[PDB]
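Pasting work-v6.csv here (CSV, C-alpha atoms):
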```
chain,number,residue,atom,x,y,z
A,218,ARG,CA,29.0,-19.8,12.7
A,219,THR,CA,29.5,-17.1,9.9
A,220,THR,CA,27.6,-19.1,7.3
A,221,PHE,CA,23.8,-18.8,7.3
A,222,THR,CA,21.4,-21.8,7.1
A,223,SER,CA,18.9,-22.4,4.3
A,224,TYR,CA,15.9,-21.4,6.3
A,225,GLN,CA,17.7,-18.2,7.3
A,226,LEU,CA,18.5,-17.2,3.8
A,227,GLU,CA,14.9,-17.8,2.8
A,228,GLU,CA,13.4,-15.6,5.5
A,229,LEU,CA,16.1,-12.8,5.1
A,230,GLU,CA,15.2,-12.7,1.4
A,231,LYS,CA,11.5,-12.7,2.0
A,232,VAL,CA,11.8,-9.5,4.1
A,233,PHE,CA,14.2,-8.0,1.5
A,234,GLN,CA,11.5,-8.3,-1.2
A,235,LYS,CA,9.0,-6.5,1.0
A,236,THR,CA,11.4,-3.7,2.0
A,237,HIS,CA,15.0,-3.1,1.1
A,238,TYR,CA,15.3,-1.0,4.3
A,239,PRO,CA,13.9,-2.8,7.3
A,240,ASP,CA,14.0,-0.7,10.4
A,241,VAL,CA,14.9,-1.8,14.0
A,242,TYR,CA,11.5,-3.4,14.6
A,243,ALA,CA,11.6,-5.5,11.5
A,244,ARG,CA,15.2,-6.5,12.0
A,245,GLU,CA,14.6,-7.5,15.6
A,246,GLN,CA,11.6,-9.6,14.6
A,247,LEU,CA,13.7,-11.3,11.9
A,248,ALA,CA,16.5,-12.1,14.4
A,249,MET,CA,14.0,-13.7,16.8
A,250,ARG,CA,12.4,-15.9,14.1
A,251,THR,CA,15.7,-17.1,12.6
A,252,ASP,CA,18.0,-17.2,15.7
A,253,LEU,CA,20.4,-14.6,14.4
A,254,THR,CA,21.8,-11.6,16.2
A,255,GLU,CA,20.5,-8.2,15.3
A,256,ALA,CA,24.0,-7.2,14.2
A,257,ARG,CA,24.3,-10.1,11.8
A,258,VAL,CA,20.9,-9.2,10.3
A,259,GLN,CA,21.9,-5.5,9.9
A,260,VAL,CA,25.1,-6.4,8.1
A,261,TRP,CA,23.3,-8.9,5.9
A,262,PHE,CA,20.9,-6.2,4.8
A,263,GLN,CA,23.8,-3.8,4.1
A,264,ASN,CA,25.4,-6.6,2.0
A,265,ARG,CA,22.1,-7.5,0.2
A,266,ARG,CA,21.4,-3.8,-0.6
A,267,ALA,CA,24.9,-3.5,-2.1
A,268,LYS,CA,24.3,-6.7,-4.2
A,269,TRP,CA,21.0,-5.1,-5.5
A,270,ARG,CA,22.9,-2.0,-6.5
A,271,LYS,CA,25.9,-3.9,-8.1
A,272,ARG,CA,23.2,-5.6,-10.3
A,273,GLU,CA,21.4,-2.4,-11.1
A,274,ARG,CA,24.7,-0.8,-12.2
A,275,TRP,CA,24.8,-2.8,-15.4
A,276,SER,CA,21.0,-3.5,-15.7
A,277,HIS,CA,19.9,-3.7,-19.3
A,278,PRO,CA,16.6,-4.6,-21.1
A,279,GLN,CA,16.5,-8.3,-21.6
A,280,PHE,CA,16.2,-10.1,-24.9
```
Translate the structure described by the file into structure tokens.
Amino acid sequence: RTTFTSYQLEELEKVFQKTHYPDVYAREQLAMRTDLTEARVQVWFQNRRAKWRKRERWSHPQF
């Protein structure tokens, strides 16, 4: 549908840890392994990059 499964969110996040900016080869390989379309992978990484930067925007040393 438009939700992701649990395994999908695990493997999307695994890639994001290695590189915040997967190129076409990585994104294609992800879409094959998880049965998503390339377009949905691409958008998910645009979304996940903007989440990382929303969290950096008020990052502070932790107590």
Query raised in the report: Can you tell me how far CA of residue 267 in chain A sits from CA of residue 233 in chain A, in Å to one decimal?
Result: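 About the pair CA of residue 267 in chain A and CA of residue 233 in chain A: they are 12.2 Å apart.
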Query - Residues within 12 Å of residue 219 in chain A, only C-alpha atoms, excluding chain neighbours under 3 positions, as a VMD selection string - result: chain A and resid 222 253 to 254 257 to 258 260 to 261
Query raised in the report: Do you know which residues lie at most 12 Å from (21.4, -5.9, 4.5), with coordinates as in the file and all atoms listed in the file counted, and could you write them as an MDAnalysis selection string?
Result: chainID A and resid 226 229:230 232:234 236:240 244 247 255:270
Give, as AutoDock Vina command-line options, the centre coordinates and the x, y and z edge lengths in Å to one decimal for an axis-aligned box around all listed atoms of range 247-265 of chain A, padded by 4 Å on each side.
```
--center_x 18.9 --center_y -10.5 --center_z 8.5 --size_x 21.0 --size_y 21.4 --size_z 24.6
```
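Interatomic distance, CA of residue 235 in chain A to CA of residue 274 in chain A: 21.3 Å.
Reported to one decimal place, the separation of CA of residue 273 in chain A from CA of residue 225 in chain A is 24.5 Å.
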